[PDB]
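Next come the chains, spelled out residue by residue.
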Amino acid sequence: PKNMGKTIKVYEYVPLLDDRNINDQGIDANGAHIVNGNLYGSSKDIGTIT
Amino acid sequence: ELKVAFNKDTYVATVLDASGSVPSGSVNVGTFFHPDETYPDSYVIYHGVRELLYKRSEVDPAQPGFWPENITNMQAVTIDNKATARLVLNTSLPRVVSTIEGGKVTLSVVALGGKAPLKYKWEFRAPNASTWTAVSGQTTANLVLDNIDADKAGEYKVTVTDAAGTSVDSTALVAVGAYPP
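- Looking at the method and resolution fields of the entry, one finds cryo-EM and 3.60 Å.

**Observations regarding the overall build of chain A**
Okay, so step 1: Looking only at helices and strands, chain A features zero helices and zero strands.
Okay, so step 2: Computed over C-alpha atoms, the radius of gyration of chain A comes to 17 Å, more than 25% over the 10 Å expected from 2.2 N^0.38 for 50 residues, which places it beyond the range of a compact globule.
Okay, so step 3: A principal-axis box enclosing the C-alpha atoms of chain A has dimensions of 55 × 25 × 10 Å.
Okay, so step 4: A separation of at least 24 residues holds for 10% of the contacts in chain A among residues at least 6 apart in sequence.

**Considerations on the sheet that holds strand β1 (residues 2-6) of chain B**
All names here are of chain B.
Okay, so step 1: Strand order in the open sheet made by the four strands is β3-β1-β2-β4, with mixed pairing throughout. The sheet terminates laterally at β3 (27-32) and β4 (80-81), the two strands that pair on one side only.
Okay, so step 2: Bridging between strand β2 (residues 14-16) and β4 involves two bridges; their strand directions are parallel. By the bridge assignment, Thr 14 is partnered in β4 with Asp 80.
Okay, so step 3: Relative to β3, helix α1 (residues 46-53) is tilted by about 125°, and along the sheet it contacts β1, β2 and β3.

**So, the nonpolar core**
Residue and element names in this part refer to chain B.
Okay, so step 1: Among the nonpolar cores identified, the biggest contains 21 residues, and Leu 107, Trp 122, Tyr 156 and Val 160 are the most heavily contacted of them.
Okay, so step 2: If you list the elements that add at least two residues to this core, you get β7 (105-107), β9 (122-125), β11 (143-145), β12 (154-161) and β13 (167-177).
Okay, so step 3: Broken down by element, this core gets its largest block of residues, four residues, from β13.
Okay, so step 4: Once you skip the residues sitting within four places of it in the chain, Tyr 156 turns out to touch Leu 93, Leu 107, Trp 122, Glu 123, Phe 124, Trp 132, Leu 143, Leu 145, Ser 170, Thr 171, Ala 172 and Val 174.
Okay, so step 5: One finds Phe 6, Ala 13, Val 29 and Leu 53 within the second-largest nonpolar core, a separate group that totals 16 residues.

**A look at the packing of aromatic side chains**
Residue and element names in this part refer to chain A.
Okay, so step 1: All told, the structure shown has six aromatic pairs over all chains when counted by the stated rule.
Okay, so step 2: Between the aromatic rings of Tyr 11 and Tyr 13, the centroid separation amounts to 6.5 Å while the plane-to-plane angle is 15°, which identifies the pairing as stacked.
Okay, so step 3: Residue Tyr 11 is classed as exposed on the basis of its relative accessible area of 77%.
Okay, so step 4: The exposure class of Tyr 13 is exposed, given its relative accessible area of 75%.

**Quick word on the side chain of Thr 159 of chain B**
Residue and element names in this part refer to chain B.
Okay, so step 1: Tracing the backbone shows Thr 159 in strand β12.
Okay, so step 2: Relative accessible area serves as the criterion here: at 12%, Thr 159 is assigned to the buried category.
Okay, so step 3: The contact partners of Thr 159, leaving out residues within four places of it in the chain, are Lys 119, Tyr 120, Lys 121, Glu 123, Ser 167, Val 168 and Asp 169.

**Observations regarding the sheet that holds strand β10 (residues 133-134) of chain B**
Okay, so step 1: Taken in spatial order, the five strands make up an open sheet running β6-β13-β12-β9-β10 (chain B), and their pairing is mixed. The outermost strands of the open sheet, each flanked by one partner alone, are β6 (96-100) and β10 of chain B.

**A word on the side chain of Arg 56 of chain B**
Residue and element names in this part refer to chain B.
Okay, so step 1: Positionally, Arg 56 belongs in the loop between α1 and β4.
Okay, so step 2: Buried within the structure, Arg 56 lacks any salt-bridge partner; its nearest side chain of opposite charge belongs to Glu 58, at an N-O separation of 12 Å.
Okay, so step 3: Within the local environment of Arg 56, its side chain forms a polar contact with the backbone oxygen of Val 29, the two atoms lying 2.8 Å apart.
Okay, so step 4: Once you skip the residues sitting within four places of it in the chain, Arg 56 turns out to touch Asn 28, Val 29, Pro 61, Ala 62, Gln 63, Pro 64, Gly 65, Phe 66, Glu 69, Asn 70 and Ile 71.

**Observations regarding unusual backbone geometry**
Residues other than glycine predominantly adopt negative phi, and peptide bonds predominantly adopt the trans conformation.
Residues and elements named next belong to chain A.
Okay, so step 1: Phi angles above zero are rare outside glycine, and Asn 3 is one such case at about 65°.
Okay, so step 2: In this structure, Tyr 40 is a non-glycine residue whose phi angle is positive, near 50°.
Okay, so step 3: On the basis of relative accessibility, which here comes to 41%, the residue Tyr 40 falls in the partly exposed class.

The rules behind these values
Residues numbered from 1 in each chain as written, not as in the entry; some residues may be left out. Chains lettered and ligands numbered in written order. Part of a larger assembly, values for the part shown. Heavy atoms only, no water. Residues with missing side-chain atoms left out of burial classes, pairs and counts. Helix = DSSP H or I, 4+ residues; strand = E, 2+ residues; numbered from the N terminus. Rg over C-alpha atoms; globule rule 2.2 N^0.38 Å. Contact = heavy atoms within 4.5 Å. Pairing = 2+ DSSP bridges. Axes fitted to C-alpha atoms, helices over the stretch in contact; angles between N-to-C directions. Core = buried A, V, L, I, M, F, W, Y, C linked by side-chain atoms within 4.5 Å. Buried < 20%, exposed > 50% of the residue type's maximum accessible area, 1.4 Å probe, protein only. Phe/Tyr/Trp six-rings, centres within 6.5 Å; stacked < 30°, edge-to-face > 60°. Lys, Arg positive; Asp, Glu negative; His and termini not counted. Salt bridge = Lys/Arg side-chain N within 4 Å of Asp/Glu carboxyl O. Polar contact = N/O pair within 3.5 Å; in protein donor to acceptor, adjacent residues only side chain to side chain.

Shown next, in the form of structure tokens:
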């Protein structure tokens, strides 16, 4: 639309379990704050998700 | 001044005394008066640990913190007390005793606190005065007044002091009818 700058931008909502959604809100299954907020952030591993 | 420690792994809040040694793993989180200075018979040790972990941090229970990130889940912590039990008076002196001149009035106090040398004290206020006068000699619990005269009337106050600093007192007013000589 006119009178509305010269730029269009949208919002992309990323899934929880990917790697792109790194944040600081993380408490593991024991109760200790961890660096990664996403549980098994698309590791596709066995040991990591275990 | 009860000193509290806290290990973040086992979630054990060891309430040590002022001269304790923090356990390997725990870290100093603060200090509080277990016999609260202002309201002495309203809060318990739990009511002092909660006020100490609210100002702490889940990330590391060593740095201070507040509401969004603090140790407020008061179900995982297990208070492990190693502080001497408060000096309490199990049996205090009677409010009033009243005999006649010549009778035998005995007063007894039982204390259950924490110390090896539980020393005692005794004072005496005449019923017109303002300052307490030291009762010389009697320094061991039961105080016996035999052949009590009229001049030995007023208010007696024991003072059970433990080893370091704690003291608890209790009074007992004594009356003696004096028949004419």
